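K.L.:
Quick one, structure for this:
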Amino acid sequence: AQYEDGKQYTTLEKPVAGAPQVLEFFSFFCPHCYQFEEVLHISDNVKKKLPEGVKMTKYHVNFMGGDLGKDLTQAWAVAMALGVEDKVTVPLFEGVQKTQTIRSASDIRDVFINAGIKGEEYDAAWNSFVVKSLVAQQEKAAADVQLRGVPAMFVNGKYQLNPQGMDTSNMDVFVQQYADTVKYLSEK
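P.N.:
Residues are numbered from 1 along each chain as shown. Let me share the structure:
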């Protein structure tokens, strides 16, 4: 077949019930994740090809970057709670991987302040039990699929994208292959 298990995707032997339709995991410490965001715009290109009626979910993971890794998972919970993902994603990536100016929870906070989220509002969210449970949700989703690597994308709790199985001579062609695979898996 054109799309084959073990080629563009793998199938989870232990499927995950109730999982989000399109679920992406990333880390601000993750170099392919940086590429996926700034150079490839994977999430965006996937969304443009998904059917009417599907929501996309993106969660941060703990297993990279130790203490700062966890802080970032909490900050991403804050970003989801306040709905400011599209404002902090790039400066967090660049602060961690490019300028390396993010070294503490305070430095993460600075990114949000510079993005126009008020201090009061950030700190209130940071310490909120709504953010606690959003952190809990990120960890649980990752735990359910035994996640040891990012970037990762899962479709309907049953299929995992396999970007290693797609051509990388052309960045554009890779992105469309990725997105088309998501669509196909989606319709499966």
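K.L.:
How many residues are close by residue 30?
P.N.:
24 (other C-beta atoms under 10 Å). The C-beta positions use only the backbone N, C-alpha and C, and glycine is treated the same way.
K.L.:
Residue 70 - that's part of a strand, no?
P.N.:
No - assignment of residue 70 by DSSP: H, G, I helix; E, B strand; the rest coil gives helix, placing it outside any strand.
K.L.:
how far away is it from residue 64?
P.N.:
For residue 70, the distance to residue 64 (C-beta to C-beta, to the nearest Å) stands at 10 Å.
K.L.:
can you check residue 96 too?
P.N.:
If you measure residue 96 against residue 64 using C-beta to C-beta, the figure is 10 Å.
K.L.:
ranges for the helices of this structure?
P.N.:
For the chain, the helices defined by DSSP state H occupy 31-35, 42-47, 66-82, 85-93, 105-114, 119-127, 129-144, 171-187.
K.L.:
Relative to residue 159, which of the ones you listed is closest?
P.N.:
For residue 159, the closest of the helices of the chain is helix 171-187, at 4.8 Å, according to C-beta to C-beta.
K.L.:
and that closest one, which residues are buried?
P.N.:
Going by neighbour count (16 or more other C-beta atoms under 10 Å), the buried part of helix 171-187 is 174-175, 177-186.
K.L.:
tell me which strands and helices it is in contact with?
P.N.:
Under the contact criterion of 3 or more C-beta pairs under 8 Å, 6 or more residues apart in numbering; DSSP states H and E, helix 171-187 touches helix 42-47, strand 152-155, strand 159-161.
K.L.:
what comes into contact with stretch 109-117?
P.N.:
Residues outside stretch 109-117 that contact it (C-beta atoms under 8 Å, 6 or more residues apart in numbering): 75, 78-79, 82, 84, 87-88, 91-92, 95, 102, 119, 122-123, 126.
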